[PDB]
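Student: A single structure is presented below for examination.
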Amino acid sequence: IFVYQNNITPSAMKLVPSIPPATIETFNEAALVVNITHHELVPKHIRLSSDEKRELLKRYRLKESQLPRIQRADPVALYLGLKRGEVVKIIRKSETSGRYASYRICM
Amino acid sequence: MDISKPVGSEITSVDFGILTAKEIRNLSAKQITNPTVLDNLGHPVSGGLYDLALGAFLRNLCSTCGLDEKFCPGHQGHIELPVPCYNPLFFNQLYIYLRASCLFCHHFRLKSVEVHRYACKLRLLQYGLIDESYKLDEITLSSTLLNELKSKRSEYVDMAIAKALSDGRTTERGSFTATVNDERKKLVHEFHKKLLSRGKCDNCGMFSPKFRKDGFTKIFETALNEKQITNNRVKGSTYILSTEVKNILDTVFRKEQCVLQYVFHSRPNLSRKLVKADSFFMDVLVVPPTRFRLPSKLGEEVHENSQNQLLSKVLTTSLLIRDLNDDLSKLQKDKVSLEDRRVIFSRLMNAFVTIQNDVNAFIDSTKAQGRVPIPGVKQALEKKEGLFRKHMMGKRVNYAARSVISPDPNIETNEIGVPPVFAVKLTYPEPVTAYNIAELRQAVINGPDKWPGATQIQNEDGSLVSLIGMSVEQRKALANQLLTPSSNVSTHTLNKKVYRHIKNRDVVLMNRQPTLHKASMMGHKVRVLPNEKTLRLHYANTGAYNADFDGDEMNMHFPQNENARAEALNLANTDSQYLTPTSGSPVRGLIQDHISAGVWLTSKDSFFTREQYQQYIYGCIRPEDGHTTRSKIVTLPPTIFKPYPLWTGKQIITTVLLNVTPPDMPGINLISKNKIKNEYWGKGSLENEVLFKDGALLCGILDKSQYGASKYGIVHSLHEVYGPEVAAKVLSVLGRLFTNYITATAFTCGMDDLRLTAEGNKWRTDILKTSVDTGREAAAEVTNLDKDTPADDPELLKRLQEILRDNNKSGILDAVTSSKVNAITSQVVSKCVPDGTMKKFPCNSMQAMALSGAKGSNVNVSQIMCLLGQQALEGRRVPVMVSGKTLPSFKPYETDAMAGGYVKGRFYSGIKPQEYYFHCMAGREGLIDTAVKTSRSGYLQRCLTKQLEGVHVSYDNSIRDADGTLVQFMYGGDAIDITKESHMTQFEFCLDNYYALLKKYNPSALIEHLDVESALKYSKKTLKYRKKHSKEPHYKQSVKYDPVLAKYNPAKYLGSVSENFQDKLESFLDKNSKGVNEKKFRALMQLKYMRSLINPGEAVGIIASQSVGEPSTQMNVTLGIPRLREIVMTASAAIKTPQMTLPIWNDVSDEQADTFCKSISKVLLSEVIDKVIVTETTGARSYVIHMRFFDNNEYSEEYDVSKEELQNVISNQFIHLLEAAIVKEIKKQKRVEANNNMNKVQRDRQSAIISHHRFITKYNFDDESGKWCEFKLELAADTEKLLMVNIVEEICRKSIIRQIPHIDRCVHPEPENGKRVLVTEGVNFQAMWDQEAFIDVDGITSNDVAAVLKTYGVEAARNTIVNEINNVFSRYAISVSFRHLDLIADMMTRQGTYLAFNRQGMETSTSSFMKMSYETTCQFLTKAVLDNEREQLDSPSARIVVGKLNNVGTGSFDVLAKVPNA
RNA sequence: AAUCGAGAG
DNA sequence: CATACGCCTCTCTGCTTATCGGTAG
DNA sequence: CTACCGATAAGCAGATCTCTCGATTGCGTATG
Ligand SMILES: [Mg+2]
Ligand SMILES: [Zn+2]
Ligand SMILES: [Zn+2]
């Protein structure tokens, strides 16, 4: 993680993907002032592991991409460090059914 | 269709493609030679447009097929045009590919490394690999380096595809979804943009000339540059022929075949066919058969087909250019008349232009040039009256009738009155069998006139015989030989079909346009009546169809196959739709006169003797017609025994229930109320509540609330306890009961019901005559002048005139005066009705039907008998003429309620002409508003339903569109059916009826084929887990335990239920008040939940679209359909009215809250300037700009702005904006006292100002009072006159003093339902995130959706969407289910972005037919043919296009047949 | 067959 | 004077496109 | 220095239920 204020150097932004599988994330202070996951409007997002993700896929007889998608630029993916292909798990406080658990893949 | 000629084969998909130029030549049965369509003698001409080779034509045997006009299907031919013509469909793609191409090296003017990168990415996306296509960009790290990059990237992509195919993430055909389609289109779009941006070709270094276009069929290029030629020379508006562009494109496409195969194939190309660039050019046209180009005789006039016209025009130009080529060879040998040779060569060029434009006209009418224009092929299938919508989505149909509807309360509520004329015309082919010959022989004997009868008899060989012109003995022979063995071997499994008339056995489809929701098209068992020629309909269905009898008519479709009969009889029949899935509220029930008769028969004052009681019961029931259950009518004990046996009306209702309700089943122990307050019946009355018990009525009265458009009634509970069938029979039986009753004791209304008493009139008159002072005081208060001032006051008149001129002031005045006169009206109504009427309820029949809900309302009664009241034009009183008069009679600027549209009259004693005029204005406005609102919701509903029309619950309880993509895992999170959730939370009723509910929720009959342990065990486990974790913020709570339905099948595992349901069930089981025990009650509630689940394949998307569109017919933040379409139809980030809700800390004061609001709210420079004075002096052209400021003590404490801050603003923003404005205007033009020296520091500031700015010469801002600020200004002498007022004003308005960005005010609204809130006129979350001392930043919820999406996440965006969509429905209290709205939100956030419901929001869908039928059929057709998309035939629209059984509902499964023998 | 006009719910 | 053959101006969304400069080769 | 590009207000393409009646259909000029 590299927290950057004001503006980062545009010449310096072309090196983050080039790195080997070891990633390098940057986060601005602008969204760092308030933890958005504490805001009760935003549901609590949680990661998923390979085994349970494969279990979900076998339960629903689906493809990777047929699931709903969450975008790589989503502010909560910036919080949770989601890679491309990590099925986030969201908890839906649905008024109709109290606690409900849904998903959105990150691709 | 016929049911005895099945079709072995069936279409399974369809893939678009380009018709190759040589296959048509191989295909074509004849070329098209000469334009002349027909010669004389009425004969076709060989080589014309009506050749016999193109199909049969008017008893001319087809020279290709040899059949006649009834059997020749047509045969395509081709016209060979010499010069290849641009295909107008793909002109933009042709331009894109021709441009950004280097004819020098025959490659794209782009680096081969980047081109190969894009090609590899696309070949990866073809198999659905989305992450691989992004990690491909990790290899970047000169010929050797570039070739190494190519080799490694291609090896990596091949390995990635091999891994995907081995694992199973793809097949040989490829993995294509909505997300993959989005990624592929995004990548292709960026690739085209990157390609059409470069300068000189980067693969060789050579420049290439540019191209241009004047539209379509208009191609041109350009010349090089003076420096470019030098670059080219050291490296080493001309017209372009169509064949030249083709020759350019052929080479480059042969070179880039790899990238072009990965662009022009969204699926992996199995056929490995090439991508030939001649596809963009139509070398040869196709002529549709004479069958599709026939003419018609409109009497004696015969019209030549427009397709023939355009094709003959194209062929005329073809013959022109061909015969012009004959004489171009004449000058070939004589190469000395080259000038005239160049003349005819320009003629040949213009003929090329003409033929290309002729083909452009033949395809797209608008792509022609010249200013009745003939429709083209694109125009023939483009729009609403095109082909897809007018002939594939909806078609005229056979065996369907139509007539005016009329009422008939003597048919069962699941029936319809079929006139005899239809019953002898509509038919149904009944294949004769040994169980039908008794009635089918009779139908054949009776023939086509005597119902029941038959019209045709279809023979075993499929041949037809007509009974229309036969004799009785002939038809007798036919009927006696009807069923007989067939000696023909081929048709040894077929039998005769008799086209019998429609009996009462069958079922029919009824539909009253417009079909706002699905309930407006149900099924009715037919009953044939020998009355007039009109359809007769029961009264309960008027609510479902929204139908009246004022001249209404509705289509009556007759299903012609057992599949459709069983469909309409079980899924769509009118009884199976008691409630609507909009909100789960009832939609059926008796309407007006049955209700008003119920208020009388169930009145406590009504008794009926033995004879009258028994007559009523028998007439209502008629056991011979099946209304009973005990094979003999049963009775009741009379209420009274001495002197003589009397009964009661409530006993009549009780025995009616007892006779319809099935025996050995407890009666409905119901507790509810109705629309009639206790004080109406007198002191000590308890009639407000009804107390049903054991199938007996014991208190209160029946009403609209217990049958009709009201919930929790007796018929609703009969529904909830015995299904919808018994409720339907109760509706029918009460319809026949209150009808025969109302004949004996009729119901009427008259002038006596509309009167008052002397005291009532006195009260009315006095409280009305207060209105003079009422209106004057409203005006005086609004104008802020002193109260109790005479109306003729000049200041009052002036203020009223200013208010009239200003729209907002007029609105404020109207609102205040309207509130006052509404207060006066309410006082009058309360004091008079019901305490003043000379005739009182229940005698006062008008008031009775207003109270009872049969018709009208308390408002209607009040304005008939007491006061018509203030008239509302839009949200105002009445438009006022510019002279200030509201009418000719009323004096200008009159302070008077009667002038301001407040009518004091009543319809009983008439209205004065001025009030008549105002009331006419208001009524006309209402009519216009209704006329607009009828059509406003049509586009909204159609747009929603075109996209949601496929989504349907999978057999895994998850809802997912027909392409497979998943929108939600549970419907609303609970899988609870909207219709079936009627009484899930009505535990008191459930307990009261447990013993009756058991007979349907039989455990011993529904326990074995289920698991009853695991779900309940895990449920208790998770329940205890959640209880133990107690209360903690949702981001802290663990997720070790999930909802039970997520892991356990809600339909296979008992006890797997929602979480709200469990909490409320335990809370109401905490009563501990009574056989029935908690275990049996719990088990029965859980079986109820198990049977209350949406069945798989339910058309949930259609249902939600209807539930969100149909209520929209009855429609400061935007409200109504505008808000709804803004949320869903457009998804506009430029939302008209954005706001954010800011909770404030409980430990703050109100005054501090206002201080913080004014600290945040935006202030502009113009807010604090009384007047700015400009002194244009030319003797160089000086401009003293002296600005007057408001009182410092006032504006400092109104805006929280200080002298120092204003000084900074003027010194930095305002002067510079003004200077830029002055200099820009000149650039475009060519085409109080003071002291001479404030102090030395002031003079240094002045010098700094002069140095900093360009043509300023003075400056000084009062720092001790903040009352003025001047700055002298000059320009040169060449400039003209300048306004120096409008520019100053606009710059002043733009320039800001203290603004939080994206916020333009912060008001303090009065708290509602607690939870104090500060709401602004903008959205900027970053701004208040810094301020936590006041705002509870953790709970800011804003009006916008894009803002919250990009600053908080997709799920916060979906929350905001549901909240906003419910909010607009919540101003009118049209409560729609929280499941439809969430389904809409998650369908419009299914790609991680805020998507709308329009053509832009459906681009990334696999079904091209859906988009083409929706709109812009051409553009979606190009996007499907060019990528060679294989339409998979799974969206409902595609099925309708091709003719395949829809998969939603009864098409979500298949049907087998267990044979008995090997 | 289109265009224009009258209307129905 | 019949008969026959062609030339001609009072909405809103969402994607065509901006002029210019920031800034590393 | 300048090309690569990243972003700045304007031109155009395409949107905005079912039904039953009736009336009428652009002209100019050339040969016999
Ligand atoms: Mg009607
Ligand atoms: Zn033929
Ligand atoms: Zn080149």
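Please note that chains go A, B, ... in the order of the structure tokens, that every chain numbers its residues from 1, and that ligands are numbered from 1 in the order shown.
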Check which residues fall inside 6 Å of ligand 2 when counting only C-alpha atoms (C1' of nucleotides) and all ligand atoms, and print them as a list in words.
Tutor: residues 55, 56, 62, 64, 65, 66, 67, 72, 73 and 74 of chain B
Student: Give me, as a PyMOL selection string, the set of residues whose atoms come within 12 Å of any atom of ligand 1, counting only C-alpha atoms (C1' of nucleotides) and all ligand atoms.
Tutor: (chain B and resi 404-406+512-514+542-543+545-554) or (chain C and resi 8-9)
Student: Given a cut-off of 9 Å, which residues of chain B touch chain D, counting only C-alpha atoms (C1' of nucleotides), written out as a CSV table (one decimal) with C-alpha atoms, in the first residue's frame?
Tutor:
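So the final result, stored in part_14.csv, reads:
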```csv
chain,number,residue,atom,x,y,z
B,370,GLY,CA,-33.0,14.5,-53.1
B,371,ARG,CA,-35.9,16.7,-52.0
B,1130,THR,CA,-32.2,7.4,-17.9
B,1132,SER,CA,-28.9,10.4,-15.2
B,1400,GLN,CA,-27.6,1.9,-24.3
```
Student: Ligand 3: which residues are within 7 Å, counting only C-alpha atoms (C1' of nucleotides) and all ligand atoms, as a PyMOL selection string?
Tutor: chain B and resi 102-109+201-206
Student: Using only C-alpha atoms (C1' of nucleotides), find the residues of chain A whose closest atom to chain D is at most 12 Å away, then write them as an MDAnalysis selection string.
Tutor: chainID A and resid 9:12
Student: Give the answer as one residue: which of A:61, A:39, A:72, A:14 has the shortest atom-to-atom distance to chain B, using only C-alpha atoms?
Tutor: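 Using only C-alpha atoms, chain B sits closest to A:39.
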Student: Considering only C-alpha atoms (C1' of nucleotides), return as a list in words whatever protein or nucleic-acid residues lie within 9 Å of region 40-43 of chain A, sequence-local ones (same chain, fewer than 4 positions apart) excluded.
Tutor: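 So the residues in contact are residues 36, 76, 90, 91, 92 and 93 of chain A; 1033, 1034, 1035, 1338, 1339, 1340, 1341, 1352, 1353, 1354, 1355, 1356, 1357, 1359 and 1360 of chain B.
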Student: Could you write out the selected residues, including C-alpha atoms, as a JSON list (two decimals), in the first residue's frame?
Tutor:
```json
[["chain", "number", "residue", "atom", "x", "y", "z"],
["A", 36, "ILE", "CA", -16.94, 3.82, 4.26],
["A", 76, "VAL", "CA", -15.15, -1.01, -1.45],
["A", 90, "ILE", "CA", -22.11, -9.12, 0.77],
["A", 91, "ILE", "CA", -24.63, -9.20, 3.62],
["A", 92, "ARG", "CA", -27.97, -7.68, 2.61],
["A", 93, "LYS", "CA", -30.02, -6.27, 5.50],
["B", 1033, "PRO", "CA", -22.36, -2.74, 14.19],
["B", 1034, "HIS", "CA", -22.80, -4.76, 11.02],
["B", 1035, "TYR", "CA", -19.16, -4.36, 10.02],
["B", 1338, "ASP", "CA", -21.39, 7.69, 9.36],
["B", 1339, "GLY", "CA", -25.02, 8.15, 8.32],
["B", 1340, "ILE", "CA", -25.04, 10.50, 5.33],
["B", 1341, "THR", "CA", -27.55, 9.22, 2.75],
["B", 1352, "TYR", "CA", -19.43, 4.34, -1.49],
["B", 1353, "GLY", "CA", -19.90, 1.22, -3.67],
["B", 1354, "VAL", "CA", -22.33, -0.73, -5.80],
["B", 1355, "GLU", "CA", -24.33, -1.94, -2.81],
["B", 1356, "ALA", "CA", -24.79, 1.52, -1.33],
["B", 1357, "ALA", "CA", -25.89, 2.54, -4.82],
["B", 1359, "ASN", "CA", -29.71, 0.75, -1.45],
["B", 1360, "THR", "CA", -30.09, 4.29, -2.76]]
```
Student: Hey, what's within 9 Å of residue 366 (chain B) if we count only C-alpha atoms (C1' of nucleotides) and toss same-chain stuff fewer than 5 positions away? As number ranges by chain, please?
Tutor: B: 360-361, 373, 375-376, 379
Student: Write out as a PyMOL selection string all residues of region 645-689 of chain B that DSSP puts in strand (DSSP E) for this structure's backbone.
Tutor: chain B and resi 646-648+671-673+689
Student: Near residue 15 (chain E), counting only C-alpha atoms (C1' of nucleotides), which residues have an atom at most 10 Å away, once you skip same-chain residues fewer than 6 positions from it, shown as JSON, numbers by chain?
Tutor: {"B": [939, 1398, 1399, 1415, 1416], "D": [12, 13]}
Student: Take the residues from that selection and write them out as a PDB file, in the first residue's frame, keeping N, CA, C and O atoms (P, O5', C5', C4', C3', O3' and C1' of nucleotides).
Tutor:
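Output file part-v5.pdb is given in full below:
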```pdb
ATOM      1  N   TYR B 939     -44.400   4.206 -22.117  1.00  0.00           N
ATOM      2  CA  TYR B 939     -43.004   4.018 -22.494  1.00  0.00           C
ATOM      3  C   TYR B 939     -42.184   3.486 -21.329  1.00  0.00           C
ATOM      4  O   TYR B 939     -41.316   2.628 -21.518  1.00  0.00           O
ATOM      5  N   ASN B1398     -32.699   1.224 -21.295  1.00  0.00           N
ATOM      6  CA  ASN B1398     -32.835   1.826 -22.616  1.00  0.00           C
ATOM      7  C   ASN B1398     -31.955   1.030 -23.572  1.00  0.00           C
ATOM      8  O   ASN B1398     -31.456  -0.045 -23.225  1.00  0.00           O
ATOM      9  N   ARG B1399     -31.774   1.543 -24.791  1.00  0.00           N
ATOM     10  CA  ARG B1399     -30.962   0.809 -25.756  1.00  0.00           C
ATOM     11  C   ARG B1399     -29.497   0.802 -25.353  1.00  0.00           C
ATOM     12  O   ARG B1399     -28.791  -0.178 -25.608  1.00  0.00           O
ATOM     13  N   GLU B1415     -35.521  -1.438 -30.474  1.00  0.00           N
ATOM     14  CA  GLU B1415     -35.409  -0.209 -31.256  1.00  0.00           C
ATOM     15  C   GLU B1415     -34.058  -0.166 -31.950  1.00  0.00           C
ATOM     16  O   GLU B1415     -33.134  -0.898 -31.591  1.00  0.00           O
ATOM     17  N   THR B1416     -33.956   0.727 -32.932  1.00  0.00           N
ATOM     18  CA  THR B1416     -32.812   0.807 -33.837  1.00  0.00           C
ATOM     19  C   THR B1416     -32.436  -0.585 -34.336  1.00  0.00           C
ATOM     20  O   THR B1416     -31.356  -1.105 -34.062  1.00  0.00           O
TER      21      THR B1416
ATOM     22  P    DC D  12     -37.806  20.132 -22.566  1.00  0.00           P
ATOM     23  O5'  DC D  12     -37.057  18.807 -22.073  1.00  0.00           O
ATOM     24  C5'  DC D  12     -35.841  18.406 -22.685  1.00  0.00           C
ATOM     25  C4'  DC D  12     -35.721  16.896 -22.693  1.00  0.00           C
ATOM     26  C3'  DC D  12     -34.436  16.350 -22.090  1.00  0.00           C
ATOM     27  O3'  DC D  12     -34.718  15.149 -21.394  1.00  0.00           O
ATOM     28  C1'  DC D  12     -34.600  15.647 -24.331  1.00  0.00           C
ATOM     29  P    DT D  13     -33.661  14.552 -20.345  1.00  0.00           P
ATOM     30  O5'  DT D  13     -32.672  13.702 -21.259  1.00  0.00           O
ATOM     31  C5'  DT D  13     -31.692  12.883 -20.670  1.00  0.00           C
ATOM     32  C4'  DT D  13     -31.372  11.723 -21.584  1.00  0.00           C
ATOM     33  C3'  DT D  13     -29.931  11.231 -21.511  1.00  0.00           C
ATOM     34  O3'  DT D  13     -29.900   9.826 -21.337  1.00  0.00           O
ATOM     35  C1'  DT D  13     -30.529  11.726 -23.763  1.00  0.00           C
TER      36       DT D  13
END
```
Student: With a cut-off of 6 Å and counting only C-alpha atoms, select all residues of chain A in contact with chain B and give the selection as a count of residues only.
Tutor: 18
